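S.K.: Contents of protein.cif (mmCIF, C-alpha atoms) are given next:
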data_input
loop_
_atom_site.group_PDB
_atom_site.id
_atom_site.type_symbol
_atom_site.label_atom_id
_atom_site.label_comp_id
_atom_site.auth_asym_id
_atom_site.auth_seq_id
_atom_site.Cartn_x
_atom_site.Cartn_y
_atom_site.Cartn_z
ATOM 1 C CA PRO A 1 -86.120 -11.654 37.175
ATOM 2 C CA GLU A 2 -88.394 -11.033 40.170
ATOM 3 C CA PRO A 3 -91.665 -12.954 39.483
ATOM 4 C CA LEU A 4 -94.361 -10.827 37.960
ATOM 5 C CA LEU A 5 -97.198 -9.651 40.179
ATOM 6 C CA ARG A 6 -99.887 -11.595 38.205
ATOM 7 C CA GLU A 7 -97.829 -14.800 38.679
ATOM 8 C CA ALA A 8 -97.490 -14.276 42.404
ATOM 9 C CA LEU A 9 -101.169 -13.296 42.905
ATOM 10 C CA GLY A 10 -102.302 -16.209 40.750
ATOM 11 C CA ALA A 11 -100.328 -18.739 42.808
ATOM 12 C CA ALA A 12 -101.534 -17.082 46.060
ATOM 13 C CA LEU A 13 -105.158 -17.266 44.885
ATOM 14 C CA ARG A 14 -104.644 -20.903 43.977
ATOM 15 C CA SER A 15 -103.264 -21.647 47.493
ATOM 16 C CA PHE A 16 -106.148 -19.895 49.209
ATOM 17 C CA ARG A 17 -108.627 -21.810 47.003
ATOM 18 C CA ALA A 18 -106.920 -25.138 47.691
ATOM 19 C CA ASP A 19 -106.834 -24.256 51.421
ATOM 20 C CA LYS A 20 -110.634 -23.792 51.430
ATOM 21 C CA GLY A 21 -111.281 -26.924 49.336
ATOM 22 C CA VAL A 22 -113.306 -24.841 46.787
ATOM 23 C CA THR A 23 -113.245 -25.978 43.132
ATOM 24 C CA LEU A 24 -112.202 -23.601 40.434
ATOM 25 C CA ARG A 25 -115.599 -23.729 38.717
ATOM 26 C CA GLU A 26 -117.337 -22.987 42.028
ATOM 27 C CA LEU A 27 -115.048 -20.030 42.623
ATOM 28 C CA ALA A 28 -115.444 -18.724 39.047
ATOM 29 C CA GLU A 29 -119.256 -19.009 39.482
ATOM 30 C CA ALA A 30 -119.152 -17.048 42.735
ATOM 31 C CA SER A 31 -116.902 -14.407 41.004
ATOM 32 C CA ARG A 32 -118.932 -14.290 37.729
ATOM 33 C CA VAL A 33 -116.076 -15.179 35.347
ATOM 34 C CA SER A 34 -115.520 -18.291 33.291
ATOM 35 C CA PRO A 35 -113.536 -21.169 34.878
ATOM 36 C CA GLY A 36 -111.005 -20.808 31.973
ATOM 37 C CA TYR A 37 -110.416 -17.167 32.842
ATOM 38 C CA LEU A 38 -109.828 -17.952 36.488
ATOM 39 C CA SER A 39 -107.588 -20.869 35.512
ATOM 40 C CA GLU A 40 -105.461 -18.559 33.408
ATOM 41 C CA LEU A 41 -105.372 -16.011 36.233
ATOM 42 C CA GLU A 42 -104.103 -18.682 38.640
ATOM 43 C CA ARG A 43 -101.382 -19.644 36.127
ATOM 44 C CA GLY A 44 -100.074 -16.046 35.913
ATOM 45 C CA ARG A 45 -101.367 -15.591 32.366
ATOM 46 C CA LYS A 46 -103.975 -12.805 32.958
ATOM 47 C CA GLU A 47 -103.962 -9.396 34.639
ATOM 48 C CA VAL A 48 -106.816 -9.075 37.243
ATOM 49 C CA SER A 49 -108.906 -5.945 37.599
ATOM 50 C CA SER A 50 -108.854 -4.737 41.224
ATOM 51 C CA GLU A 51 -112.668 -5.338 41.241
ATOM 52 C CA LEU A 52 -112.316 -8.977 40.212
ATOM 53 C CA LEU A 53 -109.489 -9.595 42.717
ATOM 54 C CA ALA A 54 -111.843 -8.202 45.399
ATOM 55 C CA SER A 55 -114.708 -10.606 44.373
ATOM 56 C CA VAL A 56 -112.485 -13.656 44.197
ATOM 57 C CA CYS A 57 -110.861 -12.854 47.588
ATOM 58 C CA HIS A 58 -114.263 -12.142 49.251
ATOM 59 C CA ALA A 59 -115.668 -15.328 47.824
ATOM 60 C CA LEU A 60 -112.763 -17.106 49.577
ATOM 61 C CA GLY A 61 -113.390 -15.316 52.871
ATOM 62 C CA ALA A 62 -109.991 -13.635 52.568
ATOM 63 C CA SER A 63 -109.039 -9.978 52.613
ATOM 64 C CA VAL A 64 -107.200 -8.762 49.573
ATOM 65 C CA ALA A 65 -104.424 -7.681 51.979
ATOM 66 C CA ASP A 66 -103.939 -11.283 53.051
ATOM 67 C CA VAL A 67 -103.576 -12.421 49.451
ATOM 68 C CA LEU A 68 -101.053 -9.621 48.766
ATOM 69 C CA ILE A 69 -98.910 -10.661 51.708
ATOM 70 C CA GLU A 70 -99.019 -14.227 50.488
ATOM 71 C CA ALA A 71 -98.006 -13.085 46.990
ATOM 72 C CA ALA A 72 -95.185 -10.882 48.310
ATOM 73 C CA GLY A 73 -93.838 -13.644 50.550
ATOM 74 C CA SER A 74 -93.782 -16.118 47.696
ATOM 75 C CA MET A 75 -92.258 -13.621 45.255
ATOM 76 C CA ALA A 76 -89.351 -13.061 47.607
ATOM 77 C CA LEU A 77 -88.968 -16.790 48.266
ATOM 78 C CA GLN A 78 -89.038 -17.653 44.608
ATOM 79 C CA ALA A 79 -86.346 -15.066 43.818
ATOM 80 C CA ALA A 80 -84.177 -16.326 46.687
ATOM 81 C CA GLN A 81 -84.576 -19.984 45.614
ATOM 82 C CA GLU A 82 -83.676 -19.193 42.001
ATOM 83 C CA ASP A 83 -80.719 -17.193 43.317
ATOM 84 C CA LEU A 84 -79.623 -20.092 45.559
ATOM 85 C CA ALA A 85 -79.982 -22.512 42.640
ATOM 86 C CA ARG A 86 -77.660 -20.395 40.453
ATOM 87 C CA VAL A 87 -75.093 -19.972 43.242
ATOM 88 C CA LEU A 88 -75.021 -23.731 43.821
ATOM 89 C CA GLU A 89 -75.092 -24.919 40.167
ATOM 90 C CA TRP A 90 -71.969 -22.761 39.772
ATOM 91 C CA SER A 91 -70.199 -24.018 42.934
ATOM 92 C CA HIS A 92 -71.455 -27.647 43.074
ATOM 93 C CA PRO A 93 -72.461 -28.903 39.664
ATOM 94 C CA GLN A 94 -73.533 -32.576 39.238
ATOM 95 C CA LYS B 1 -118.710 0.776 48.718
ATOM 96 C CA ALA B 2 -116.461 -1.823 50.398
ATOM 97 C CA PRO B 3 -114.219 -0.514 53.168
ATOM 98 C CA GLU B 4 -111.195 -2.327 51.641
ATOM 99 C CA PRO B 5 -109.532 -0.033 48.981
ATOM 100 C CA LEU B 6 -109.087 -1.478 45.513
ATOM 101 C CA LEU B 7 -105.650 -2.936 44.819
ATOM 102 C CA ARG B 8 -104.878 -0.181 42.262
ATOM 103 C CA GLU B 9 -105.727 2.422 44.951
ATOM 104 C CA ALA B 10 -103.475 0.872 47.577
ATOM 105 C CA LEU B 11 -100.699 0.136 45.011
ATOM 106 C CA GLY B 12 -100.808 3.695 43.687
ATOM 107 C CA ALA B 13 -100.570 5.109 47.227
ATOM 108 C CA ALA B 14 -97.642 2.792 47.982
ATOM 109 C CA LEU B 15 -95.809 3.834 44.770
ATOM 110 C CA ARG B 16 -96.376 7.452 45.680
ATOM 111 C CA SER B 17 -94.901 6.813 49.139
ATOM 112 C CA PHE B 18 -91.791 5.183 47.653
ATOM 113 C CA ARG B 19 -91.416 7.968 45.157
ATOM 114 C CA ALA B 20 -91.844 10.718 47.729
ATOM 115 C CA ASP B 21 -89.401 9.081 50.137
ATOM 116 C CA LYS B 22 -86.741 8.986 47.393
ATOM 117 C CA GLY B 23 -87.711 12.619 46.501
ATOM 118 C CA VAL B 24 -88.136 11.724 42.774
ATOM 119 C CA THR B 25 -90.567 13.779 40.644
ATOM 120 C CA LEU B 26 -93.114 12.185 38.307
ATOM 121 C CA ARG B 27 -91.219 13.390 35.208
ATOM 122 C CA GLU B 28 -87.999 11.768 36.494
ATOM 123 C CA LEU B 29 -89.777 8.503 37.238
ATOM 124 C CA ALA B 30 -91.575 8.604 33.856
ATOM 125 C CA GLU B 31 -88.326 9.071 32.121
ATOM 126 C CA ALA B 32 -86.725 6.047 33.951
ATOM 127 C CA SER B 33 -89.733 3.817 33.353
ATOM 128 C CA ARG B 34 -90.648 5.039 29.856
ATOM 129 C CA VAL B 35 -94.249 5.904 30.695
ATOM 130 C CA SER B 36 -95.846 9.335 30.652
ATOM 131 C CA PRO B 37 -95.945 11.408 33.877
ATOM 132 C CA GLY B 38 -99.651 11.741 33.165
ATOM 133 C CA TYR B 39 -100.183 7.964 33.324
ATOM 134 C CA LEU B 40 -98.029 7.666 36.464
ATOM 135 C CA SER B 41 -100.089 10.348 38.163
ATOM 136 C CA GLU B 42 -103.393 8.562 37.361
ATOM 137 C CA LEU B 43 -101.744 5.323 38.571
ATOM 138 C CA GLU B 44 -100.794 6.972 41.887
ATOM 139 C CA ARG B 45 -104.367 8.271 42.423
ATOM 140 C CA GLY B 46 -105.819 4.812 41.921
ATOM 141 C CA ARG B 47 -107.406 5.406 38.487
ATOM 142 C CA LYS B 48 -105.370 3.008 36.295
ATOM 143 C CA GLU B 49 -104.846 -0.736 36.312
ATOM 144 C CA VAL B 50 -101.110 -1.331 35.634
ATOM 145 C CA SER B 51 -99.601 -4.424 33.908
ATOM 146 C CA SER B 52 -97.154 -6.497 36.041
ATOM 147 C CA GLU B 53 -94.277 -5.582 33.613
ATOM 148 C CA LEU B 54 -94.809 -1.866 33.995
ATOM 149 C CA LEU B 55 -95.217 -2.230 37.798
ATOM 150 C CA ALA B 56 -91.844 -3.984 37.855
ATOM 151 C CA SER B 57 -90.032 -1.275 35.916
ATOM 152 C CA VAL B 58 -91.496 1.492 38.058
ATOM 153 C CA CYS B 59 -90.578 -0.234 41.286
ATOM 154 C CA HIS B 60 -87.101 -1.032 40.015
ATOM 155 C CA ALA B 61 -86.622 2.553 38.811
ATOM 156 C CA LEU B 62 -87.276 3.581 42.408
ATOM 157 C CA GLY B 63 -84.788 1.033 43.705
ATOM 158 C CA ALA B 64 -87.410 -1.186 45.309
ATOM 159 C CA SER B 65 -88.604 -4.751 44.840
ATOM 160 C CA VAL B 66 -92.186 -5.240 43.723
ATOM 161 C CA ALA B 67 -92.578 -7.389 46.790
ATOM 162 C CA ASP B 68 -91.706 -4.454 49.133
ATOM 163 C CA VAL B 69 -94.169 -2.135 47.369
ATOM 164 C CA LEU B 70 -96.815 -4.850 47.742
ATOM 165 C CA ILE B 71 -96.154 -5.267 51.453
ATOM 166 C CA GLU B 72 -96.615 -1.500 51.854
ATOM 167 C CA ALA B 73 -99.797 -1.663 49.716
ATOM 168 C CA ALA B 74 -101.180 -4.488 51.873
ATOM 169 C CA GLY B 75 -100.467 -2.631 55.147
ATOM 170 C CA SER B 76 -102.115 0.454 53.727
ATOM 171 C CA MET B 77 -105.268 -1.465 52.544
ATOM 172 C CA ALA B 78 -105.641 -3.236 55.863
ATOM 173 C CA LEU B 79 -105.279 0.027 57.764
ATOM 174 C CA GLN B 80 -107.793 1.877 55.665
ATOM 175 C CA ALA B 81 -110.306 -1.027 55.886
ATOM 176 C CA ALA B 82 -110.006 -0.961 59.702
ATOM 177 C CA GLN B 83 -110.318 2.817 59.855
ATOM 178 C CA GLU B 84 -113.318 2.852 57.559
ATOM 179 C CA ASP B 85 -115.078 0.111 59.544
ATOM 180 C CA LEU B 86 -114.442 2.096 62.703
ATOM 181 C CA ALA B 87 -115.868 5.298 61.089
ATOM 182 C CA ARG B 88 -118.967 3.314 60.003
ATOM 183 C CA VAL B 89 -119.715 2.009 63.520
ATOM 184 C CA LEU B 90 -119.138 5.440 65.013
ATOM 185 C CA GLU B 91 -121.460 7.097 62.454
ATOM 186 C CA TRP B 92 -124.070 4.535 63.496
ATOM 187 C CA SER B 93 -123.827 5.237 67.227
ATOM 188 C CA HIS B 94 -121.729 7.949 69.008
#
Would you give me this structure, written as structure tokens?

M.R.:
Amino acid sequence: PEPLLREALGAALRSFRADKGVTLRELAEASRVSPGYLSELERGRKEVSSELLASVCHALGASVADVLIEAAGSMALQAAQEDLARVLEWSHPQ
Amino acid sequence: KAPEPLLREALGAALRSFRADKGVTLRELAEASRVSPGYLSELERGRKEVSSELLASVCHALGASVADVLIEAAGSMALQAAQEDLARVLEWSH
């Protein structure tokens, strides 16, 4: 289906972190959560509290709004790509 | 208190805007999404963190992608942050 919110936000957070060149353990330290927890968050396997999303975004020098737009853009793209892949597999299989 | 609203605050306001635009009552939406009207109300007022799965069914019950509700949530957060920063400078001088 449409990607879940936590999957989209996790990937967006990961992109922002990679953009800034900040390691996961550094970002988890700035946000006061374990590196494992943040790793799971990035992988779409954990639901963030709004408070923790705010700390992680702030630590990255990003507004939460910017991370939401990133997440929404990639959600739509991912749905469209998976749609395109089904349409083509049906009409042009290998 | 940060000027940027918490994600659950902005998401709840966005859901309420989608619901109101469609003219759907909380009991109707609860029924479609199999959650109590009581929980939906707290969600709308920014007092509940929602799982991604439940967010998806609510949005879909309203005929909207999660990604559209998130874009609306992001625009709303950014606007309120800007308005609250403006209020703060004005309170300081003027």

S.K.: Show me, as an MDAnalysis selection string, the residues of chain A whose atoms get within 7 Å of chain B, using only C-alpha atoms for the distance check.

M.R.: chainID A and resid 4:6 47 49:51 65 68:69 72 75:76

S.K.: Please produce a file of the residues just selected, as an mmCIF file, in the frame of the given file, where the atoms kept are C-alpha atoms.

M.R.:
data_model
loop_
_atom_site.group_PDB
_atom_site.id
_atom_site.type_symbol
_atom_site.label_atom_id
_atom_site.label_comp_id
_atom_site.auth_asym_id
_atom_site.auth_seq_id
_atom_site.Cartn_x
_atom_site.Cartn_y
_atom_site.Cartn_z
ATOM 1 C CA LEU A 4 -94.361 -10.827 37.960
ATOM 2 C CA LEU A 5 -97.198 -9.651 40.179
ATOM 3 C CA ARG A 6 -99.887 -11.595 38.205
ATOM 4 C CA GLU A 47 -103.962 -9.396 34.639
ATOM 5 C CA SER A 49 -108.906 -5.945 37.599
ATOM 6 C CA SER A 50 -108.854 -4.737 41.224
ATOM 7 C CA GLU A 51 -112.668 -5.338 41.241
ATOM 8 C CA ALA A 65 -104.424 -7.681 51.979
ATOM 9 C CA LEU A 68 -101.053 -9.621 48.766
ATOM 10 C CA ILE A 69 -98.910 -10.661 51.708
ATOM 11 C CA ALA A 72 -95.185 -10.882 48.310
ATOM 12 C CA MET A 75 -92.258 -13.621 45.255
ATOM 13 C CA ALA A 76 -89.351 -13.061 47.607
#

S.K.: Using the chain letters and numbers from the file, which residues does the PyMOL selection byres ((chain A and resi 30) around 12) grab, as a ChimeraX atom specification?

M.R.: /A:22-29,31-35,38,52,54-61

S.K.: Need the shell around residue 12 in chain A: protein/DNA/RNA residues with any atom at most 6 Å away, counting only C-alpha atoms. Skip same-chain ones fewer than 3 positions apart. Format as a list in words?

M.R.: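 What passes the distance filter is residues 9, 15, 70 and 71 of chain A.
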
S.K.: Would you put the residues from that selection into a file with C-alpha atoms, as a tab-separated table (two decimals), in the coordinates of the input?

M.R.:
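Here's the written file result-v4.tsv:
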chain	number	residue	atom	x	y	z
A	9	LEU	CA	-101.17	-13.30	42.90
A	15	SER	CA	-103.26	-21.65	47.49
A	70	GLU	CA	-99.02	-14.23	50.49
A	71	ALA	CA	-98.01	-13.08	46.99

S.K.: CA of residue 17 in chain B and CA of residue 37 in chain B are how many Å apart?

M.R.: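 According to the coordinates, CA of residue 17 in chain B and CA of residue 37 in chain B are separated by 16.0 Å.
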
S.K.: Using all atoms listed in the file for the distances, tell me which of A:80, A:48, A:85, A:53 is nearest to residue 2 in chain A.

M.R.: A:80

S.K.: So what do you get for CA of residue 18 in chain B versus CA of residue 78 in chain A, distance-wise?

M.R.: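 Distance reported for this atom pair: 23.2 Å.
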
S.K.: Pull out every residue that the PyMOL selection byres ((chain B and resi 43) around 9) matches in the shown coordinates and put them as a list in words.

M.R.: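 Output of the PyMOL selection byres ((chain B and resi 43) around 9): residues 8, 9, 11, 12, 13, 15, 38, 39, 40, 41, 42, 44, 45, 46, 47, 48, 49 and 50 of chain B.
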
S.K.: Quick one: distance from CA of residue 44 in chain A to CA of residue 64 in chain B in Å, one decimal?

M.R.: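 Taking CA of residue 44 in chain A and CA of residue 64 in chain B, their separation equals 21.7 Å.
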
S.K.: Which residues, written as a PyMOL selection string, have at least one atom at most 7 Å from residue 14 in chain A, with all atoms listed in the file counted and residues fewer than 4 positions away on the same chain left out?

M.R.: chain A and resi 10+18+42

S.K.: I need the residue nearest residue 59 in chain B from this list: B:36, B:89, B:31, B:19. Use only C-alpha atoms for the distance.

M.R.: B:19

S.K.: Output range 24-41 of chain B with N, CA and C atoms present, as a CSV table (one decimal), in the frame of the given file.

M.R.:
chain,number,residue,atom,x,y,z
B,24,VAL,N,-88.2,11.8,44.3
B,24,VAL,CA,-88.1,11.7,42.8
B,24,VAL,C,-89.4,12.4,42.2
B,25,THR,N,-89.4,13.2,41.1
B,25,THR,CA,-90.6,13.8,40.6
B,25,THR,C,-91.2,12.8,39.6
B,26,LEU,N,-92.4,13.1,39.2
B,26,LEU,CA,-93.1,12.2,38.3
B,26,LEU,C,-92.4,12.2,37.0
B,27,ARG,N,-91.9,13.3,36.5
B,27,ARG,CA,-91.2,13.4,35.2
B,27,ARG,C,-89.9,12.6,35.2
B,28,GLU,N,-89.2,12.6,36.4
B,28,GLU,CA,-88.0,11.8,36.5
B,28,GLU,C,-88.3,10.3,36.5
B,29,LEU,N,-89.3,9.9,37.2
B,29,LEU,CA,-89.8,8.5,37.2
B,29,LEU,C,-90.3,8.1,35.9
B,30,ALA,N,-91.0,8.9,35.2
B,30,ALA,CA,-91.6,8.6,33.9
B,30,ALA,C,-90.4,8.3,32.9
B,31,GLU,N,-89.5,9.2,32.9
B,31,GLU,CA,-88.3,9.1,32.1
B,31,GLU,C,-87.6,7.7,32.4
B,32,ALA,N,-87.4,7.3,33.6
B,32,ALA,CA,-86.7,6.0,34.0
B,32,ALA,C,-87.5,4.8,33.6
B,33,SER,N,-88.9,5.0,33.6
B,33,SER,CA,-89.7,3.8,33.4
B,33,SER,C,-90.4,3.9,32.0
B,34,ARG,N,-90.1,4.9,31.2
B,34,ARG,CA,-90.6,5.0,29.9
B,34,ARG,C,-92.2,5.0,29.8
B,35,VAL,N,-92.8,5.7,30.7
B,35,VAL,CA,-94.2,5.9,30.7
B,35,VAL,C,-94.5,7.4,31.0
B,36,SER,N,-95.6,7.9,30.5
B,36,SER,CA,-95.8,9.3,30.7
B,36,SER,C,-96.1,9.7,32.1
B,37,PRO,N,-95.7,11.0,32.5
B,37,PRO,CA,-95.9,11.4,33.9
B,37,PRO,C,-97.4,11.5,34.2
B,38,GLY,N,-98.2,11.7,33.1
B,38,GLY,CA,-99.7,11.7,33.2
B,38,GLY,C,-100.2,10.4,33.6
B,39,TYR,N,-99.7,9.3,33.0
B,39,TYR,CA,-100.2,8.0,33.3
B,39,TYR,C,-99.8,7.6,34.8
B,40,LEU,N,-98.5,8.0,35.1
B,40,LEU,CA,-98.0,7.7,36.5
B,40,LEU,C,-98.9,8.3,37.5
B,41,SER,N,-99.3,9.6,37.3
B,41,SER,CA,-100.1,10.3,38.2
B,41,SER,C,-101.5,9.6,38.4
